[PDB]
Amino acid sequence: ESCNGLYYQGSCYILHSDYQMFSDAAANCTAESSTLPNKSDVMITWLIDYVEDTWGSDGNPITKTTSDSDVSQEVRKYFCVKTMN
């Protein structure tokens, strides 16, 4: 019960409200022994409402759709994911 955030499939998603360019968000999660969410793990889950528009592990914001836009100059929030237990 020590997950202060979204808990799903034995993993804890912690919200980081600071806007960051993708690389910085990625490194920040790596520093906390975590990774960014994977679009495939969250689509079709109640988590999608929280993670959409936040950095996905593939360098793109997570979206409800399965899109195909220059986003390298953008900043967004992100969730760092870590397995529980």
# chains A, B, ... in the order shown; residues from 1 in each chain; ligands from 1
>>> select_by_dssp(residues="stretch 2-57 of chain A", states="alpha helix (DSSP H)", output="NGL selection string")
:A and (22-31 or 39-42 or 48-51)
>>> select_by_dssp(residues="chain A", states="strand (DSSP E)", output="ChimeraX atom specification")
/A:6-8,11-20,76-83
>>> closest_atom_pairs(of="stretch 7-29 of chain A", to="stretch 56-63 of chain A", cutoff="10 Å", atoms="only C-alpha atoms", output="JSON lines")
{"residue": "A:21", "atom": "CA", "partner": "A:59", "partner_atom": "CA", "distance": 9.5}
{"residue": "A:22", "atom": "CA", "partner": "A:59", "partner_atom": "CA", "distance": 6.1}
{"residue": "A:23", "atom": "CA", "partner": "A:59", "partner_atom": "CA", "distance": 8.0}
{"residue": "A:25", "atom": "CA", "partner": "A:57", "partner_atom": "CA", "distance": 9.7}
{"residue": "A:26", "atom": "CA", "partner": "A:57", "partner_atom": "CA", "distance": 7.5}
>>> residues_around(residues="residue A:78", least_positions_apart="6", cutoff="8 Å", atoms="only C-alpha atoms", output="ChimeraX atom specification")
/A:15-17,19,25,36,51,54-56
>>> closest_residue(among="A:34, A:65, A:28, A:20", to="residue A:84", atoms="only C-alpha atoms")
A:34
>>> residues_around(residues="residue A:11", least_positions_apart="2", cutoff="9 Å", atoms="only C-alpha atoms", output="PyMOL selection string")
chain A and resi 3+6-9+13+81-85
>>> write_last_selection(atoms="N, CA, C and O atoms", output="compact mmCIF listing (two decimals), in the first residue's frame")
# COMPACT_ATOMS: atom_id res chain seq x y z
N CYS A 3 2.29 2.83 -2.34
CA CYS A 3 2.38 3.47 -3.65
C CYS A 3 1.57 4.77 -3.67
O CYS A 3 0.34 4.75 -3.78
N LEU A 6 -0.45 6.00 -9.00
CA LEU A 6 -1.26 5.00 -9.68
C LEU A 6 -0.63 3.61 -9.52
O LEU A 6 0.55 3.43 -9.80
N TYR A 7 -1.43 2.65 -9.08
CA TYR A 7 -0.93 1.28 -8.92
C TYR A 7 -1.66 0.41 -9.94
O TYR A 7 -2.88 0.37 -9.96
N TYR A 8 -0.90 -0.28 -10.79
CA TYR A 8 -1.50 -1.12 -11.82
C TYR A 8 -0.59 -2.25 -12.27
O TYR A 8 0.54 -2.02 -12.70
N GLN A 9 -1.10 -3.48 -12.20
CA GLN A 9 -0.34 -4.66 -12.61
C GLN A 9 1.00 -4.76 -11.87
O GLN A 9 2.06 -4.89 -12.50
N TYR A 13 3.03 3.92 -10.65
CA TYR A 13 3.26 5.07 -11.52
C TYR A 13 3.28 6.35 -10.68
O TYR A 13 2.25 6.75 -10.15
N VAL A 81 7.76 4.85 -13.72
CA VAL A 81 7.19 3.56 -13.34
C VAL A 81 8.22 2.64 -12.71
O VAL A 81 9.36 2.56 -13.17
N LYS A 82 7.78 1.91 -11.69
CA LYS A 82 8.65 0.99 -10.96
C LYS A 82 7.83 -0.20 -10.45
O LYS A 82 6.70 -0.02 -9.98
N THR A 83 8.38 -1.40 -10.55
CA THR A 83 7.68 -2.60 -10.08
C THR A 83 7.63 -2.59 -8.55
O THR A 83 8.58 -2.17 -7.90
N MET A 84 6.52 -3.06 -7.99
CA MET A 84 6.34 -3.09 -6.54
C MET A 84 6.85 -4.37 -5.88
O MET A 84 7.68 -5.08 -6.45
N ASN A 85 6.34 -4.64 -4.68
CA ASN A 85 6.71 -5.81 -3.87
C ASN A 85 8.06 -5.62 -3.17
O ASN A 85 8.75 -4.62 -3.47
>>> decode(residues="stretch 44-73 of chain A", atoms="C-alpha atoms", output="tab-separated table (two decimals), in the first residue's frame")
chain	number	residue	atom	x	y	z
A	44	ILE	CA	-7.04	0.20	-22.83
A	45	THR	CA	-6.66	0.81	-19.08
A	46	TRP	CA	-8.02	3.32	-16.60
A	47	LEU	CA	-4.50	4.74	-16.49
A	48	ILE	CA	-4.74	6.26	-19.96
A	49	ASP	CA	-6.76	9.24	-18.64
A	50	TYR	CA	-3.87	10.17	-16.34
A	51	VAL	CA	-0.91	9.44	-18.61
A	52	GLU	CA	-2.13	10.90	-21.90
A	53	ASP	CA	0.01	13.88	-22.92
A	54	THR	CA	2.87	12.80	-20.63
A	55	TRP	CA	6.12	11.30	-21.98
A	56	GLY	CA	6.06	7.71	-23.24
A	57	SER	CA	9.21	5.55	-23.32
A	58	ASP	CA	9.38	5.96	-27.12
A	59	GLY	CA	10.01	9.71	-27.06
A	60	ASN	CA	6.40	10.68	-27.81
A	61	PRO	CA	3.57	11.86	-25.55
A	62	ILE	CA	1.13	9.06	-24.73
A	63	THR	CA	-2.20	9.33	-26.61
A	64	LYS	CA	-5.51	7.43	-26.66
A	65	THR	CA	-5.01	6.96	-30.39
A	66	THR	CA	-2.32	5.06	-32.29
A	67	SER	CA	-1.02	8.09	-34.20
A	68	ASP	CA	1.99	8.27	-36.52
A	69	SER	CA	4.72	15.67	-35.38
A	70	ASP	CA	7.85	17.53	-34.32
A	71	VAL	CA	7.82	17.03	-30.54
A	72	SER	CA	11.55	17.18	-29.86
A	73	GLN	CA	11.19	20.82	-28.82
